[PDB]
$ cat upload00.tsv   # TSV, N, CA and C atoms
chain	number	residue	atom	x	y	z
A	1	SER	N	0.84	-1.23	0.00
A	1	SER	CA	0.00	0.00	0.00
A	1	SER	C	0.87	1.27	0.00
A	2	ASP	N	1.03	1.90	-1.17
A	2	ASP	CA	1.84	3.12	-1.29
A	2	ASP	C	0.98	4.39	-1.20
A	3	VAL	N	-0.05	4.48	-2.04
A	3	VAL	CA	-1.00	5.60	-1.99
A	3	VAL	C	-2.26	5.20	-1.21
A	4	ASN	N	-2.35	3.92	-0.86
A	4	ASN	CA	-3.52	3.36	-0.18
A	4	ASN	C	-3.53	3.69	1.32
A	5	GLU	N	-4.72	3.97	1.86
A	5	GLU	CA	-4.88	4.26	3.29
A	5	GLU	C	-5.41	3.03	4.06
A	6	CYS	N	-5.71	3.21	5.34
A	6	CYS	CA	-6.22	2.12	6.20
A	6	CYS	C	-7.70	1.78	5.92
A	7	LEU	N	-8.16	2.08	4.70
A	7	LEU	CA	-9.55	1.84	4.31
A	7	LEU	C	-9.72	0.53	3.53
A	8	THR	N	-8.62	-0.21	3.36
A	8	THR	CA	-8.62	-1.46	2.59
A	8	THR	C	-9.55	-2.53	3.19
A	9	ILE	N	-10.00	-3.46	2.36
A	9	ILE	CA	-10.90	-4.53	2.80
A	9	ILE	C	-10.11	-5.79	3.20
A	10	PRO	N	-10.48	-6.44	4.33
A	10	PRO	CA	-9.78	-7.66	4.81
A	10	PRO	C	-10.02	-8.91	3.93
A	11	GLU	N	-9.95	-8.75	2.61
A	11	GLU	CA	-10.02	-9.89	1.69
A	11	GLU	C	-8.67	-10.64	1.61
A	12	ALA	N	-7.72	-10.25	2.45
A	12	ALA	CA	-6.48	-11.00	2.65
A	12	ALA	C	-6.46	-11.62	4.06
A	13	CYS	N	-5.69	-12.69	4.25
A	13	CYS	CA	-5.66	-13.38	5.56
A	13	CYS	C	-4.45	-12.97	6.40
A	14	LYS	N	-4.69	-12.66	7.68
A	14	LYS	CA	-3.60	-12.42	8.64
A	14	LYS	C	-3.04	-13.75	9.17
A	15	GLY	N	-1.76	-14.01	8.95
A	15	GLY	CA	-1.17	-15.28	9.36
A	15	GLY	C	-1.17	-16.32	8.24
A	16	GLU	N	-1.88	-16.01	7.16
A	16	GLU	CA	-1.89	-16.84	5.96
A	16	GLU	C	-1.56	-15.98	4.73
A	17	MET	N	-1.04	-16.61	3.68
A	17	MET	CA	-0.70	-15.90	2.45
A	17	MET	C	-1.87	-15.90	1.47
A	18	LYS	N	-1.99	-14.81	0.73
A	18	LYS	CA	-3.09	-14.63	-0.22
A	18	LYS	C	-2.69	-15.12	-1.63
A	19	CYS	N	-3.25	-16.25	-2.05
A	19	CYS	CA	-2.97	-16.81	-3.38
A	19	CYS	C	-4.15	-16.58	-4.33
A	20	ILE	N	-3.94	-15.79	-5.38
A	20	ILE	CA	-5.02	-15.44	-6.31
A	20	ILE	C	-4.61	-15.69	-7.77
A	21	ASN	N	-5.58	-16.02	-8.62
A	21	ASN	CA	-5.32	-16.18	-10.05
A	21	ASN	C	-5.65	-14.89	-10.82
A	22	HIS	N	-5.48	-14.92	-12.14
A	22	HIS	CA	-5.72	-13.74	-12.97
A	22	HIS	C	-7.23	-13.52	-13.22
A	23	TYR	N	-8.04	-14.50	-12.83
A	23	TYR	CA	-9.50	-14.40	-12.96
A	23	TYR	C	-10.14	-13.71	-11.74
A	24	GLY	N	-9.44	-13.75	-10.61
A	24	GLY	CA	-9.96	-13.15	-9.37
A	24	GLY	C	-10.23	-14.17	-8.26
A	25	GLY	N	-9.98	-15.45	-8.55
A	25	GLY	CA	-10.17	-16.51	-7.56
A	25	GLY	C	-9.28	-16.34	-6.33
A	26	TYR	N	-9.87	-16.48	-5.14
A	26	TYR	CA	-9.18	-16.18	-3.88
A	26	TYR	C	-8.88	-17.45	-3.06
A	27	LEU	N	-7.64	-17.56	-2.59
A	27	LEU	CA	-7.21	-18.66	-1.71
A	27	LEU	C	-6.26	-18.15	-0.61
A	28	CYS	N	-6.27	-18.80	0.55
A	28	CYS	CA	-5.30	-18.51	1.63
A	28	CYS	C	-4.53	-19.77	2.04
A	29	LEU	N	-3.20	-19.66	2.08
A	29	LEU	CA	-2.33	-20.78	2.46
A	29	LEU	C	-1.53	-20.46	3.74
A	30	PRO	N	-1.19	-21.48	4.55
A	30	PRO	CA	-0.39	-21.29	5.78
A	30	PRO	C	0.92	-20.51	5.52
A	31	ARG	N	1.18	-19.50	6.35
A	31	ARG	CA	2.35	-18.62	6.18
A	31	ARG	C	3.69	-19.36	6.46
A	32	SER	N	3.62	-20.68	6.66
A	32	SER	CA	4.82	-21.50	6.88
A	32	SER	C	5.85	-21.31	5.75
A	33	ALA	N	5.36	-21.20	4.51
A	33	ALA	CA	6.21	-20.89	3.36
A	33	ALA	C	6.33	-19.37	3.18
A	34	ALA	N	7.53	-18.84	3.38
A	34	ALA	CA	7.75	-17.39	3.32
A	34	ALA	C	8.03	-16.91	1.89
A	35	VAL	N	7.42	-15.78	1.52
A	35	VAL	CA	7.66	-15.18	0.20
A	35	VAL	C	9.04	-14.47	0.15
A	36	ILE	N	10.09	-15.25	-0.10
A	36	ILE	CA	11.47	-14.74	-0.12
A	36	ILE	C	12.17	-14.98	-1.47
A	37	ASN	N	13.49	-14.80	-1.49
A	37	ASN	CA	14.31	-14.98	-2.71
A	37	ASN	C	14.19	-16.39	-3.32
A	38	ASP	N	14.62	-16.54	-4.57
A	38	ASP	CA	14.54	-17.82	-5.29
A	38	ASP	C	15.30	-18.94	-4.56
A	39	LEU	N	14.70	-20.13	-4.54
A	39	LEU	CA	15.32	-21.30	-3.93
A	39	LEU	C	15.89	-22.24	-5.01
A	40	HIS	N	16.69	-21.68	-5.92
A	40	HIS	CA	17.30	-22.45	-7.02
A	40	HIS	C	18.28	-23.52	-6.49
A	41	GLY	N	18.63	-23.43	-5.21
A	41	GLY	CA	19.59	-24.35	-4.62
A	41	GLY	C	20.27	-23.76	-3.40
A	42	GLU	N	21.42	-24.32	-3.03
A	42	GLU	CA	22.17	-23.87	-1.85
A	42	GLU	C	23.36	-22.97	-2.24
A	43	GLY	N	24.11	-22.52	-1.23
A	43	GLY	CA	25.31	-21.73	-1.48
A	43	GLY	C	25.03	-20.31	-1.97
A	44	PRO	N	25.45	-19.97	-3.21
A	44	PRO	CA	25.31	-18.61	-3.75
A	44	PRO	C	23.97	-18.34	-4.46
A	45	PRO	N	23.25	-17.27	-4.05
A	45	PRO	CA	22.08	-16.77	-4.79
A	45	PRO	C	22.50	-15.94	-6.03
A	46	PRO	N	21.79	-16.09	-7.17
A	46	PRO	CA	22.15	-15.41	-8.43
A	46	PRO	C	21.90	-13.89	-8.41
A	47	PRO	N	22.69	-13.10	-9.17
A	47	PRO	CA	22.49	-11.64	-9.28
A	47	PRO	C	21.09	-11.28	-9.80
A	48	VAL	N	20.61	-12.04	-10.78
A	48	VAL	CA	19.24	-11.89	-11.29
A	48	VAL	C	18.39	-13.12	-10.92
A	49	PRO	N	17.54	-13.01	-9.89
A	49	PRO	CA	16.70	-14.13	-9.42
A	49	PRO	C	15.58	-14.50	-10.41
A	50	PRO	N	15.48	-15.79	-10.79
A	50	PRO	CA	14.41	-16.29	-11.68
A	50	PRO	C	13.03	-16.30	-11.00
A	51	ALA	N	13.00	-15.96	-9.71
A	51	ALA	CA	11.75	-15.90	-8.95
A	51	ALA	C	11.84	-14.87	-7.81
A	52	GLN	N	11.20	-13.72	-7.99
A	52	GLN	CA	11.11	-12.70	-6.94
A	52	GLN	C	10.15	-13.16	-5.84
A	53	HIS	N	9.18	-13.98	-6.24
A	53	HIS	CA	8.27	-14.64	-5.30
A	53	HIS	C	8.27	-16.16	-5.55
A	54	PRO	N	8.52	-16.97	-4.50
A	54	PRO	CA	8.65	-18.44	-4.61
A	54	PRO	C	7.48	-19.14	-5.33
A	55	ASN	N	6.30	-18.52	-5.31
A	55	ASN	CA	5.07	-19.16	-5.78
A	55	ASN	C	4.80	-20.51	-5.07
A	56	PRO	N	4.61	-20.49	-3.73
A	56	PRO	CA	4.19	-21.68	-2.97
A	56	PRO	C	2.77	-22.12	-3.35
A	57	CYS	N	2.03	-21.19	-3.97
A	57	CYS	CA	0.67	-21.46	-4.45
A	57	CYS	C	0.74	-22.05	-5.88
A	58	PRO	N	-0.03	-23.12	-6.16
A	58	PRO	CA	0.00	-23.81	-7.47
A	58	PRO	C	-0.02	-22.84	-8.67
A	59	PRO	N	0.93	-23.02	-9.63
A	59	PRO	CA	1.06	-22.17	-10.83
A	59	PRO	C	-0.30	-21.79	-11.45
A	60	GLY	N	-0.47	-20.51	-11.74
A	60	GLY	CA	-1.77	-19.97	-12.13
A	60	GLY	C	-2.35	-19.11	-11.01
A	61	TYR	N	-2.12	-19.54	-9.77
A	61	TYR	CA	-2.46	-18.75	-8.58
A	61	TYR	C	-1.19	-18.09	-8.01
A	62	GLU	N	-1.03	-16.80	-8.25
A	62	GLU	CA	0.16	-16.06	-7.80
A	62	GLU	C	-0.06	-15.42	-6.43
A	63	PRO	N	0.97	-15.44	-5.56
A	63	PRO	CA	0.91	-14.78	-4.24
A	63	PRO	C	0.78	-13.26	-4.35
A	64	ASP	N	-0.21	-12.69	-3.67
A	64	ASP	CA	-0.44	-11.24	-3.68
A	64	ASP	C	0.22	-10.59	-2.46
A	65	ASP	N	0.78	-9.40	-2.64
A	65	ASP	CA	1.50	-8.73	-1.56
A	65	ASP	C	0.52	-8.04	-0.60
A	66	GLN	N	0.41	-8.58	0.61
A	66	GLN	CA	-0.52	-8.08	1.62
A	66	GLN	C	0.16	-7.08	2.58
A	67	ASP	N	-0.04	-5.80	2.32
A	67	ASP	CA	0.49	-4.72	3.17
A	67	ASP	C	-0.66	-3.95	3.85
A	68	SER	N	-0.80	-4.13	5.16
A	68	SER	CA	-1.86	-3.45	5.91
A	68	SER	C	-1.28	-2.53	6.99
A	69	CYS	N	-1.96	-1.42	7.23
A	69	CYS	CA	-1.55	-0.45	8.26
A	69	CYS	C	-2.35	-0.63	9.56
A	70	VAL	N	-3.32	-1.55	9.57
A	70	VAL	CA	-4.17	-1.77	10.75
A	70	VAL	C	-5.08	-3.01	10.59
A	71	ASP	N	-5.56	-3.55	11.72
A	71	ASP	CA	-6.50	-4.68	11.70
A	71	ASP	C	-7.97	-4.19	11.69
$ encode --input "upload00.tsv" --output "structure tokens"
Amino acid sequence: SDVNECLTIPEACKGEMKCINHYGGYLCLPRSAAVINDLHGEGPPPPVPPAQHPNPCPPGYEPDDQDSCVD
């Protein structure tokens, strides 16, 4: 939320990640899997990551960035 205020709707889950498709379908998954850098392997991470978001949600359903200023 850059220009967005605390008026947003709780259509995202607190403690769970928001997995949505390009059609608008909504899903929530356990926050056990963190949305971090690419897991291409161990040791050195690449200068250009092939995945800015791990996509723990089945391909087609992309993780949405949930930024809230209040409950």
$ residues_around --input "upload00.tsv" --residues "region 21-31 of chain A" --least-positions-apart "6" --cutoff "8 Å" --atoms "only N, CA and C atoms" --output "ChimeraX atom specification"
/A:11-15,56-57,59-63
$ closest_residue --input "upload00.tsv" --among "A:1, A:42, A:17, A:9" --to "residue 67 (chain A)" --atoms "only N, CA and C atoms"
A:1
$ atom_distance --input "upload00.tsv" --atom1 "atom N of residue 70 (chain A)" --atom2 "atom N of residue 18 (chain A)"
16.0 Å
$ atom_distance --input "upload00.tsv" --atom1 "CA of residue 58 (chain A)" --atom2 "CA of residue 2 (chain A)"
27.7 Å
$ select_by_dssp --input "upload00.tsv" --residues "region 7-63 of chain A" --states "strand (DSSP E or B)" --output "list in words"
residues 16, 17, 18, 19, 20, 21, 26, 27, 28, 29, 30, 61, 62 and 63 of chain A
$ atom_distance --input "upload00.tsv" --atom1 "CA of residue 52 (chain A)" --atom2 "CA of residue 38 (chain A)"
6.4 Å
$ residues_around --input "upload00.tsv" --residues "residue 34 (chain A)" --least-positions-apart "6" --cutoff "8 Å" --atoms "all atoms listed in the file" --output "ChimeraX atom specification"
/A:53-56
$ axis_aligned_box --input "upload00.tsv" --around "region 38-41 of chain A" --padding-each-side "4 Å" --output "AutoDock Vina command-line options"
--center_x 17.4 --center_y -20.4 --center_z -5.2 --size_x 13.7 --size_y 15.8 --size_z 11.6
